[PDB]
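Data block for structure32.cif (mmCIF, C-alpha atoms and all ligand atoms):
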```cif
data_work
loop_
_atom_site.label_atom_id
_atom_site.label_comp_id
_atom_site.auth_asym_id
_atom_site.auth_seq_id
_atom_site.Cartn_x
_atom_site.Cartn_y
_atom_site.Cartn_z
CA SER A 1 -11.95 0.24 -8.30
CA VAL A 2 -11.27 -3.49 -8.92
CA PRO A 3 -12.96 -5.15 -10.77
CA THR A 4 -13.86 -2.27 -13.14
CA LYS A 5 -16.83 -4.01 -14.84
CA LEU A 6 -19.48 -6.37 -13.41
CA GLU A 7 -22.51 -7.12 -15.62
CA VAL A 8 -25.14 -9.88 -15.69
CA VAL A 9 -24.46 -11.90 -18.83
CA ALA A 10 -27.00 -14.75 -18.43
CA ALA A 11 -30.13 -15.06 -16.33
CA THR A 12 -32.87 -17.49 -15.24
CA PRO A 13 -35.84 -16.64 -12.95
CA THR A 14 -33.98 -17.92 -9.87
CA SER A 15 -30.26 -17.45 -10.66
CA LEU A 16 -27.83 -15.01 -12.27
CA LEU A 17 -24.32 -15.31 -13.65
CA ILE A 18 -22.25 -12.13 -13.49
CA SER A 19 -19.07 -11.57 -15.49
CA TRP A 20 -16.39 -9.07 -14.45
CA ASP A 21 -13.34 -7.87 -16.34
CA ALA A 22 -9.85 -9.19 -16.02
CA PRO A 23 -7.47 -7.50 -13.56
CA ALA A 24 -4.39 -5.56 -14.50
CA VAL A 25 -2.79 -7.24 -11.42
CA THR A 26 -2.95 -10.72 -9.92
CA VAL A 27 -5.97 -11.36 -7.72
CA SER A 28 -5.75 -14.11 -5.15
CA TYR A 29 -9.50 -14.68 -4.97
CA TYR A 30 -12.74 -12.73 -5.31
CA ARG A 31 -15.11 -12.07 -2.43
CA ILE A 32 -18.67 -12.16 -3.81
CA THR A 33 -21.26 -10.50 -1.57
CA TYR A 34 -25.03 -10.61 -1.80
CA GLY A 35 -27.59 -10.22 0.99
CA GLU A 36 -30.91 -8.45 1.55
CA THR A 37 -30.96 -4.72 0.70
CA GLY A 38 -31.28 -3.35 4.22
CA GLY A 39 -32.67 -6.57 5.68
CA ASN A 40 -29.81 -7.46 8.05
CA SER A 41 -29.43 -10.93 6.56
CA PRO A 42 -26.05 -12.56 7.35
CA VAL A 43 -25.26 -11.70 3.67
CA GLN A 44 -23.22 -14.99 3.60
CA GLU A 45 -21.22 -14.09 0.48
CA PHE A 46 -18.83 -16.63 -1.06
CA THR A 47 -15.38 -16.81 -2.68
CA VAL A 48 -14.15 -17.83 -6.14
CA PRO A 49 -10.54 -18.49 -7.31
CA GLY A 50 -8.53 -15.53 -8.61
CA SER A 51 -8.39 -17.14 -12.05
CA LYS A 52 -12.18 -16.75 -12.56
CA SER A 53 -14.07 -13.92 -14.27
CA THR A 54 -17.66 -15.15 -13.81
CA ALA A 55 -19.65 -16.56 -10.89
CA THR A 56 -22.96 -18.41 -10.55
CA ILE A 57 -25.28 -17.07 -7.86
CA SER A 58 -27.97 -19.65 -7.34
CA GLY A 59 -31.22 -20.20 -5.50
CA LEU A 60 -32.53 -16.67 -5.94
CA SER A 61 -36.10 -15.47 -5.75
CA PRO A 62 -37.57 -13.88 -8.93
CA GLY A 63 -38.23 -11.04 -6.48
CA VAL A 64 -36.29 -9.34 -3.64
CA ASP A 65 -33.19 -7.33 -4.58
CA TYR A 66 -29.74 -7.96 -3.15
CA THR A 67 -26.33 -6.32 -2.74
CA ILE A 68 -24.22 -7.63 -5.63
CA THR A 69 -20.61 -6.59 -4.98
CA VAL A 70 -17.32 -8.25 -6.06
CA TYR A 71 -14.25 -7.73 -3.84
CA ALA A 72 -10.81 -8.32 -5.36
CA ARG A 73 -8.37 -9.67 -2.76
CA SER A 74 -4.84 -9.12 -4.06
CA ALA A 75 -1.53 -9.17 -2.20
CA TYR A 76 -0.52 -6.01 -4.10
CA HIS A 77 -3.39 -3.58 -3.45
CA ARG A 78 -6.49 -3.03 -1.35
CA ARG A 79 -8.66 -1.35 -4.00
CA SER A 80 -12.37 -0.79 -3.53
CA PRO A 81 -15.01 -3.11 -5.03
CA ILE A 82 -17.65 -2.91 -7.76
CA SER A 83 -21.35 -3.37 -7.23
CA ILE A 84 -24.90 -3.66 -8.49
CA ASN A 85 -28.42 -4.24 -7.16
CA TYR A 86 -30.74 -6.79 -8.74
CA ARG A 87 -34.34 -7.92 -8.14
CA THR A 88 -34.34 -10.30 -11.18
CA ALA B 1 0.57 9.79 17.63
CA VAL B 2 0.68 12.25 14.75
CA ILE B 3 1.51 10.58 11.42
CA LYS B 4 2.28 12.75 8.39
CA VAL B 5 2.54 11.37 4.87
CA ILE B 6 4.32 13.49 2.26
CA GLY B 7 4.38 12.74 -1.46
CA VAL B 8 7.29 14.71 -2.91
CA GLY B 9 7.39 14.92 -6.69
CA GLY B 10 5.26 14.06 -9.68
CA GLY B 11 5.18 10.32 -9.03
CA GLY B 12 5.01 10.76 -5.27
CA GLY B 13 2.19 13.27 -5.70
CA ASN B 14 -0.26 11.06 -7.62
CA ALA B 15 0.57 8.24 -5.20
CA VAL B 16 -0.56 10.13 -2.09
CA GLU B 17 -3.70 11.50 -3.76
CA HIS B 18 -4.49 7.87 -4.54
CA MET B 19 -4.11 7.53 -0.76
CA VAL B 20 -6.33 10.57 -0.14
CA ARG B 21 -9.05 9.40 -2.55
CA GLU B 22 -8.89 5.77 -1.34
CA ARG B 23 -8.29 7.29 2.14
CA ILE B 24 -5.75 6.12 4.74
CA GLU B 25 -7.15 6.11 8.22
CA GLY B 26 -6.10 8.56 10.92
CA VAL B 27 -3.27 10.08 8.85
CA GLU B 28 -2.56 13.57 7.43
CA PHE B 29 -1.55 13.90 3.77
CA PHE B 30 0.76 16.52 2.22
CA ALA B 31 1.61 17.33 -1.40
CA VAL B 32 5.10 18.68 -2.15
CA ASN B 33 6.16 19.88 -5.61
CA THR B 34 7.96 22.51 -7.68
CA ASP B 35 5.41 22.42 -10.52
CA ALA B 36 2.56 24.60 -9.21
CA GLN B 37 0.08 23.17 -11.72
CA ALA B 38 0.11 19.74 -10.06
CA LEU B 39 -0.68 21.28 -6.67
CA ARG B 40 -3.79 23.02 -8.04
CA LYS B 41 -4.75 19.81 -9.87
CA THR B 42 -4.28 17.22 -7.13
CA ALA B 43 -6.93 16.92 -4.43
CA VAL B 44 -4.96 16.41 -1.21
CA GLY B 45 -5.77 19.38 1.01
CA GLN B 46 -2.31 20.58 2.01
CA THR B 47 -0.06 21.32 -0.95
CA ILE B 48 3.50 22.56 -0.40
CA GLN B 49 5.12 24.51 -3.25
CA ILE B 50 8.91 24.52 -2.99
CA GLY B 51 11.44 26.50 -5.02
CA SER B 52 9.03 29.28 -6.11
CA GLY B 53 12.02 31.37 -7.22
CA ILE B 54 14.84 29.13 -8.51
CA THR B 55 12.15 27.30 -10.50
CA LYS B 56 9.49 30.00 -11.05
CA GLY B 57 7.00 27.26 -10.16
CA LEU B 58 7.60 25.49 -13.49
CA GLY B 59 8.76 22.05 -12.38
CA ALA B 60 12.26 20.63 -12.02
CA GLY B 61 12.86 19.78 -15.71
CA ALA B 62 13.27 16.13 -14.62
CA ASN B 63 16.53 17.48 -13.12
CA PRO B 64 17.39 16.31 -9.57
CA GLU B 65 19.89 19.10 -8.88
CA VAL B 66 17.22 21.78 -8.88
CA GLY B 67 15.04 19.38 -6.88
CA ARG B 68 17.43 19.59 -3.92
CA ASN B 69 17.77 23.35 -4.41
CA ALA B 70 14.04 24.15 -4.56
CA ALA B 71 13.75 22.51 -1.12
CA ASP B 72 17.13 23.65 0.24
CA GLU B 73 15.23 26.94 -0.09
CA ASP B 74 12.11 26.26 2.01
CA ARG B 75 13.42 23.98 4.80
CA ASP B 76 11.49 26.26 7.15
CA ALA B 77 8.32 25.87 5.06
CA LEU B 78 8.84 22.10 5.21
CA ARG B 79 9.59 22.32 8.94
CA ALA B 80 6.45 24.44 9.37
CA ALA B 81 4.13 21.68 8.13
CA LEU B 82 6.38 19.01 9.66
CA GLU B 83 6.71 20.27 13.25
CA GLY B 84 4.81 18.06 15.69
CA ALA B 85 4.66 14.77 13.80
CA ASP B 86 5.91 11.65 15.48
CA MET B 87 6.36 9.64 12.27
CA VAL B 88 6.64 10.88 8.66
CA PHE B 89 6.28 8.77 5.52
CA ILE B 90 7.92 10.33 2.47
CA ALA B 91 6.60 8.84 -0.78
CA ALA B 92 8.36 9.45 -4.09
CA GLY B 93 8.87 7.79 -7.41
CA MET B 94 12.63 8.00 -7.74
CA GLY B 95 14.27 9.12 -10.99
CA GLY B 96 12.66 12.47 -11.75
CA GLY B 97 13.85 15.86 -10.58
CA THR B 98 11.54 17.21 -7.88
CA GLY B 99 11.13 13.96 -5.98
CA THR B 100 14.69 12.69 -6.41
CA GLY B 101 16.85 15.34 -4.77
CA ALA B 102 14.27 17.09 -2.61
CA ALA B 103 12.98 13.94 -0.88
CA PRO B 104 16.36 13.57 0.92
CA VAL B 105 15.99 17.21 2.01
CA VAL B 106 12.50 16.65 3.37
CA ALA B 107 13.84 13.51 5.04
CA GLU B 108 16.44 15.53 6.92
CA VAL B 109 14.44 18.52 8.21
CA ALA B 110 12.08 15.83 9.51
CA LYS B 111 14.87 13.64 10.87
CA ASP B 112 16.50 16.77 12.31
CA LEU B 113 13.29 17.54 14.22
CA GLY B 114 13.65 13.99 15.54
CA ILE B 115 10.64 12.68 13.64
CA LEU B 116 10.70 8.97 12.92
CA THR B 117 11.40 9.20 9.16
CA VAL B 118 10.43 6.34 6.83
CA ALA B 119 10.99 6.79 3.11
CA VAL B 120 8.92 4.68 0.72
CA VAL B 121 10.17 4.95 -2.87
CA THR B 122 9.96 3.24 -6.26
CA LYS B 123 12.86 2.32 -8.51
CA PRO B 124 11.77 3.20 -12.09
CA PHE B 125 10.91 0.55 -14.65
CA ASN B 126 13.51 -0.91 -16.99
CA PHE B 127 11.59 0.62 -19.92
CA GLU B 128 12.09 4.13 -18.49
CA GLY B 129 15.74 4.92 -19.15
CA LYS B 130 19.24 4.11 -17.96
CA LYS B 131 19.36 7.73 -16.76
CA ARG B 132 16.16 7.54 -14.68
CA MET B 133 17.39 4.20 -13.32
CA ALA B 134 20.68 5.94 -12.44
CA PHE B 135 19.02 9.16 -11.26
CA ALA B 136 17.01 6.87 -8.98
CA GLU B 137 19.96 4.90 -7.59
CA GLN B 138 21.86 8.10 -6.70
CA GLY B 139 18.90 9.73 -5.00
CA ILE B 140 18.34 6.56 -3.00
CA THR B 141 21.85 6.65 -1.51
CA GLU B 142 21.67 10.28 -0.38
CA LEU B 143 18.15 9.67 0.86
CA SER B 144 19.76 6.69 2.62
CA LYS B 145 21.69 9.21 4.78
CA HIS B 146 18.74 11.07 6.34
CA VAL B 147 16.12 8.42 7.10
CA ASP B 148 15.60 5.87 9.84
CA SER B 149 14.19 3.31 7.41
CA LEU B 150 14.13 3.24 3.61
CA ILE B 151 11.72 0.96 1.77
CA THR B 152 12.64 0.52 -1.89
CA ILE B 153 10.18 -1.16 -4.21
CA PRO B 154 11.71 -1.86 -7.60
CA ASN B 155 8.82 -1.18 -10.00
CA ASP B 156 10.29 -3.81 -12.31
CA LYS B 157 9.28 -6.43 -9.74
CA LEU B 158 5.63 -5.63 -10.60
CA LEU B 159 5.97 -7.06 -14.12
CA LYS B 160 5.84 -10.47 -12.43
CA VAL B 161 2.33 -9.56 -11.13
CA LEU B 162 1.12 -7.55 -14.14
CA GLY B 163 -0.74 -9.23 -16.95
CA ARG B 164 0.18 -8.68 -20.53
CA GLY B 165 -1.99 -6.40 -22.57
CA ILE B 166 -1.16 -4.01 -19.75
CA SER B 167 -1.29 -0.25 -20.38
CA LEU B 168 1.45 1.90 -18.88
CA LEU B 169 -1.30 3.86 -17.16
CA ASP B 170 -2.12 0.58 -15.39
CA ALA B 171 1.57 -0.18 -14.77
CA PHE B 172 1.88 3.01 -12.71
CA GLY B 173 -1.39 2.62 -10.86
CA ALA B 174 -0.03 -0.72 -9.68
CA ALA B 175 3.01 1.10 -8.31
CA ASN B 176 0.72 3.76 -6.84
CA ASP B 177 -1.00 0.95 -4.91
CA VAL B 178 2.19 -0.58 -3.49
CA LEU B 179 3.47 2.75 -2.17
CA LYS B 180 0.10 3.03 -0.43
CA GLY B 181 0.17 -0.48 1.00
CA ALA B 182 3.59 0.15 2.44
CA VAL B 183 2.35 3.16 4.41
CA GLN B 184 -1.07 1.76 5.29
CA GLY B 185 0.51 -1.57 6.24
CA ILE B 186 2.55 0.22 8.95
CA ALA B 187 0.36 3.20 9.93
CA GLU B 188 -2.72 1.04 10.63
CA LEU B 189 -0.80 -0.71 13.40
CA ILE B 190 -0.72 2.64 15.19
CA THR B 191 -4.06 4.05 14.02
CA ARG B 192 -6.25 0.90 13.85
CA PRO B 193 -4.79 -1.22 16.69
CA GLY B 194 -6.01 -4.71 17.52
CA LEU B 195 -5.76 -6.80 20.64
CA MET B 196 -2.08 -7.65 20.05
CA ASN B 197 -1.23 -4.01 19.47
CA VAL B 198 2.10 -2.43 18.58
CA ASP B 199 2.82 0.88 20.30
CA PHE B 200 4.49 3.68 18.38
CA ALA B 201 7.47 3.01 20.65
CA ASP B 202 7.68 -0.51 19.30
CA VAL B 203 7.61 0.67 15.69
CA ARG B 204 10.36 3.21 16.47
CA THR B 205 12.48 0.63 18.25
CA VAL B 206 12.28 -1.56 15.09
CA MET B 207 12.57 1.14 12.40
CA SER B 208 14.80 3.81 13.96
CA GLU B 209 18.23 4.19 12.30
CA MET B 210 17.94 0.88 10.47
CA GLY B 211 18.72 1.90 6.91
CA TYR B 212 17.38 -0.28 4.16
CA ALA B 213 14.14 -2.27 4.45
CA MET B 214 11.78 -4.24 2.22
CA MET B 215 8.16 -5.35 2.61
CA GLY B 216 5.84 -8.14 1.52
CA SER B 217 2.13 -8.77 1.86
CA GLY B 218 -0.31 -11.63 1.49
CA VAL B 219 -4.04 -12.27 1.72
CA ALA B 220 -5.88 -15.59 2.14
CA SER B 221 -9.28 -16.91 3.13
CA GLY B 222 -10.88 -19.93 4.74
CA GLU B 223 -9.62 -22.66 7.03
CA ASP B 224 -5.94 -22.00 6.21
CA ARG B 225 -6.01 -18.22 5.85
CA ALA B 226 -3.20 -17.59 8.37
CA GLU B 227 -0.73 -20.09 6.95
CA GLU B 228 -1.47 -19.23 3.30
CA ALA B 229 -1.19 -15.46 3.86
CA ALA B 230 2.07 -15.58 5.85
CA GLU B 231 3.58 -17.75 3.12
CA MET B 232 2.30 -15.41 0.42
CA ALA B 233 4.01 -12.64 2.41
CA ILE B 234 7.32 -14.46 2.92
CA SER B 235 7.57 -15.43 -0.76
CA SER B 236 6.43 -12.08 -2.15
CA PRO B 237 8.45 -10.80 -5.13
CA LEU B 238 8.90 -7.49 -3.31
CA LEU B 239 10.88 -9.40 -0.64
CA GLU B 240 12.56 -12.07 -2.76
CA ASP B 241 15.82 -10.11 -3.22
CA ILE B 242 16.41 -10.05 0.57
CA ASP B 243 17.23 -12.89 2.93
CA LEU B 244 14.78 -12.58 5.83
CA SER B 245 17.04 -14.69 8.08
CA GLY B 246 19.48 -11.76 8.01
CA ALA B 247 17.53 -8.63 8.98
CA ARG B 248 18.08 -6.97 12.32
CA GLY B 249 14.30 -6.51 12.63
CA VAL B 250 11.06 -7.95 11.28
CA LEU B 251 7.80 -6.04 11.77
CA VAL B 252 4.61 -7.99 11.10
CA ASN B 253 1.02 -6.71 10.76
CA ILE B 254 -1.87 -9.14 10.89
CA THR B 255 -4.93 -7.23 9.65
CA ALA B 256 -8.00 -9.24 10.61
CA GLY B 257 -11.53 -8.93 11.89
CA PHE B 258 -12.95 -10.01 15.23
CA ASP B 259 -12.84 -13.71 14.30
CA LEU B 260 -9.04 -13.96 14.35
CA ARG B 261 -8.31 -17.25 16.14
CA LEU B 262 -5.77 -17.45 18.95
CA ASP B 263 -4.04 -20.38 17.17
CA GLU B 264 -3.90 -18.37 13.93
CA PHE B 265 -1.98 -15.54 15.62
CA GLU B 266 0.23 -18.30 16.99
CA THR B 267 0.67 -19.73 13.46
CA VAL B 268 1.69 -16.47 11.76
CA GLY B 269 3.98 -15.79 14.69
CA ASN B 270 5.70 -19.15 14.66
CA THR B 271 6.18 -19.18 10.88
CA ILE B 272 7.73 -15.71 10.89
CA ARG B 273 10.08 -16.63 13.74
CA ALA B 274 11.10 -19.75 11.74
CA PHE B 275 12.54 -17.64 8.92
CA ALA B 276 13.95 -14.85 11.09
CA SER B 277 17.31 -14.78 12.85
CA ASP B 278 17.23 -15.71 16.55
CA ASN B 279 18.73 -12.25 17.27
CA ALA B 280 16.39 -10.04 15.23
CA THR B 281 13.85 -7.86 17.00
CA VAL B 282 10.55 -9.44 15.99
CA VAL B 283 7.41 -7.41 16.50
CA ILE B 284 4.20 -9.24 15.63
CA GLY B 285 0.87 -7.52 16.16
CA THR B 286 -2.64 -7.06 14.84
CA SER B 287 -4.69 -4.32 13.30
CA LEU B 288 -8.45 -4.60 13.28
CA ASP B 289 -10.84 -4.37 10.34
CA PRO B 290 -14.41 -5.28 11.42
CA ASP B 291 -15.34 -5.59 7.72
CA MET B 292 -13.09 -8.63 7.39
CA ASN B 293 -14.69 -12.04 7.85
CA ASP B 294 -12.93 -15.39 7.31
CA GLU B 295 -10.16 -13.61 5.43
CA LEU B 296 -6.81 -12.33 6.70
CA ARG B 297 -3.91 -10.08 5.66
CA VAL B 298 -0.27 -10.46 6.71
CA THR B 299 2.22 -7.68 6.07
CA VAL B 300 5.93 -8.14 6.77
CA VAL B 301 8.62 -5.44 6.92
CA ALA B 302 12.21 -6.65 7.05
CA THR B 303 14.30 -3.72 8.35
CA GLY B 304 18.06 -3.17 8.38
CA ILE B 305 18.70 -5.77 5.71
CA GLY B 306 22.36 -4.99 4.96
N1 LIG C 401 3.76 5.56 -8.36
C1 LIG C 401 3.94 6.38 -9.40
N2 LIG C 401 5.19 6.54 -9.88
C2 LIG C 401 5.43 7.35 -10.93
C3 LIG C 401 4.33 8.08 -11.56
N3 LIG C 401 4.86 8.81 -12.58
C4 LIG C 401 6.20 8.55 -12.59
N4 LIG C 401 6.52 7.67 -11.62
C5 LIG C 401 7.85 7.17 -11.27
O1 LIG C 401 8.54 8.30 -10.72
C6 LIG C 401 9.76 8.56 -11.43
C7 LIG C 401 10.05 10.07 -11.45
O2 LIG C 401 8.95 10.80 -11.99
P1 LIG C 401 8.39 12.20 -11.42
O3 LIG C 401 7.84 12.05 -10.02
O4 LIG C 401 7.36 12.79 -12.37
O5 LIG C 401 9.64 13.20 -11.40
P2 LIG C 401 9.70 14.42 -10.35
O6 LIG C 401 8.40 15.19 -10.30
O7 LIG C 401 10.79 15.35 -10.78
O8 LIG C 401 10.07 13.80 -9.03
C8 LIG C 401 9.58 7.85 -12.78
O9 LIG C 401 10.81 7.35 -13.32
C9 LIG C 401 8.59 6.71 -12.49
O10 LIG C 401 9.21 5.47 -12.14
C10 LIG C 401 3.00 7.86 -10.97
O11 LIG C 401 2.00 8.43 -11.45
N5 LIG C 401 2.89 7.02 -9.92
#
```
Since I need it in another form, could you write the structure as structure tokens?
Amino acid sequence: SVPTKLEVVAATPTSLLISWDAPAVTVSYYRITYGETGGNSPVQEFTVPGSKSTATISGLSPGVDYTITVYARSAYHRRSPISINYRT
Amino acid sequence: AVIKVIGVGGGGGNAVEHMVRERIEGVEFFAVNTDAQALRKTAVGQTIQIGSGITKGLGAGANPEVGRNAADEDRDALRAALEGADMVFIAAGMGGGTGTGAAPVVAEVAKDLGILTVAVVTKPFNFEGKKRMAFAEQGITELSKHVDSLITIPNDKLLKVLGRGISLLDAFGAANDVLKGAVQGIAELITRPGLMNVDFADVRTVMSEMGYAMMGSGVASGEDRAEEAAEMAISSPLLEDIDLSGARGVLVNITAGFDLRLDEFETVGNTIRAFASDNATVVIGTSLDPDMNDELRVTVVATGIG
């Protein structure tokens, strides 16, 4: 799986900042997903540059849990993501 | 269409079980070796043990000569699992023993049966030995006699995409992944077709009896996904040693979701045609992934490159 680690390193009541590990191979960009757990929200996601290893996920509710999952988009593989759930 | 993928050898083996575990879609995987331990270890489903006598099932001592012999034994066992495929991918890390001299033998019982036979192989790393790197080159020329298309990926060309602090375990997983992308990048056009689909016949007519080929890939996202990906694919380091204006055929796979724009297909198309000879057979199609949204993947296979 790529990334191989994805932990919350800093937290507020309404926003988290997750930090993944650095790839063995060049990533073009990361696909960050988070939507309602089951609740067919459009998920929305977002993307960060391949050079990054953290990401700020903002405007969260100190409540409902979401589908935290980082996709690594790399020209040189199609490996499967890494994930976590979080309700603050 | 029946597509069989066959990892011959130690390197080839772990590569296709990486394709079993990560799963390639609508394809049947086969493990071929002399070392019987690997077959019990690997989780593939169909293991083929060649050379049970002239090896005792104790591997090929990194020795290609017994590799060819252990399979020049069981051509009918190979043919048994092979019979009925339309296309076979043979995947081997070149330079060892089992997967260096036996992969050309698998290639030929398959190519004899008139399977479309595409070999996908690594050249060993510089740090591996002048003998491996010469074992590899010699196996690639005899393999070059019994395949329709040969895709060679020089593992050294991954150092340009591998960070430092890199463990050799990682360095070979990266090569595992490119062997997979080369098969998945072609198979999916047959097994996961999109609206601009390529028939098996069109793959055959662009890969049959073409000799040497190389491949590049590229992924992008957002407004400019189609132009950034195609460029990432044209300028890939796994294609930079070839001159795409001089290949008899270019095969292109646009893996996208349902939101692929008409003008984006047009864009990828027109940029590929701009770097390809006016006489090359150019086959540009799509494969569908409904999980993809606002991203895009472009794979390019230059075939018959010299
Ligand atoms: N992709 C991949 N390549 C490998 C691996 N191990 C070795 N190789 C490559 O394959 C070459 C031959 O190794 P090996 O397959 O074990 O020899 P064989 O069993 O006799 O064919 C080496 O020089 C490496 O470049 C692996 O785990 N994955």
Can you pull out the residues contacting residue 88 (chain A)? Cut-off 7 Å, using all atoms listed in the file, and skip same-chain residues under 6 positions away; I want them as an mmCIF file with C-alpha atoms, keeping the file's coordinate frame.
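Output contents, as saved in out_31.cif:
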```
data_model
loop_
_atom_site.group_PDB
_atom_site.id
_atom_site.type_symbol
_atom_site.label_atom_id
_atom_site.label_comp_id
_atom_site.auth_asym_id
_atom_site.auth_seq_id
_atom_site.Cartn_x
_atom_site.Cartn_y
_atom_site.Cartn_z
ATOM 1 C CA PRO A 13 -35.840 -16.640 -12.950
ATOM 2 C CA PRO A 62 -37.570 -13.880 -8.930
ATOM 3 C CA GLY A 63 -38.230 -11.040 -6.480
#
```
Please, which residues of chain A lie no more than 8 Å from chain B when the count uses all atoms listed in the file, and can they be set out as a PyMOL selection string?
chain A and resi 23-26+28+73-80
Centre and edge lengths of an axis-aligned box around all listed atoms of ligand LIG 401 (chain C), with 5 Å added on each side, are to be given in Å to one decimal, as JSON.
```
{"center_x": 6.4, "center_y": 10.4, "center_z": -10.8, "size_x": 18.8, "size_y": 19.9, "size_z": 15.0}
```
Tell me, in Å to one decimal, how far CA of residue 61 (chain A) is from CA of residue 33 (chain A).
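Going from CA of residue 61 (chain A) over to CA of residue 33 (chain A) covers 16.2 Å.
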Option closest in space to ligand LIG 401 (chain C), from B:116, B:274, B:16, B:242 [counting all atoms listed in the file]
B:16
Write out as a PyMOL selection string each polymer residue (protein, DNA or RNA) that has an atom no more than 6 Å from ligand LIG 401 (chain C), with all atoms listed in the file counted.
chain B and resi 9-12+14-15+60+62+93-100+124-125+132+172+175-176
Nearest-residue call for residue 85 (chain A), choices A:71, A:46, A:29, A:34, using all atoms listed in the file
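The closest residue to residue 85 (chain A) is A:34.
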Could you name the residues that touch residue 38 (chain A) at 12 Å or less, counting only C-alpha atoms, but leaving out those on the same chain fewer than 4 positions away, as number ranges by chain?
A: 34, 42-43, 64-67, 85
At most 10 Å from (11.2, 22.7, 4.4), file frame, only C-alpha atoms: which residues, as a list in words?
residues 32, 48, 49, 50, 70, 71, 72, 73, 74, 75, 76, 77, 78, 79, 80, 81, 82, 102, 105, 106, 107, 108, 109 and 110 of chain B
Nearest to residue 39 (chain B) among B:61, B:53, B:7, B:154, with distances taken over only C-alpha atoms: which residue is it?
B:7
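Here CA of residue 305 (chain B) stands at a distance of 16.2 Å from CA of residue 143 (chain B).
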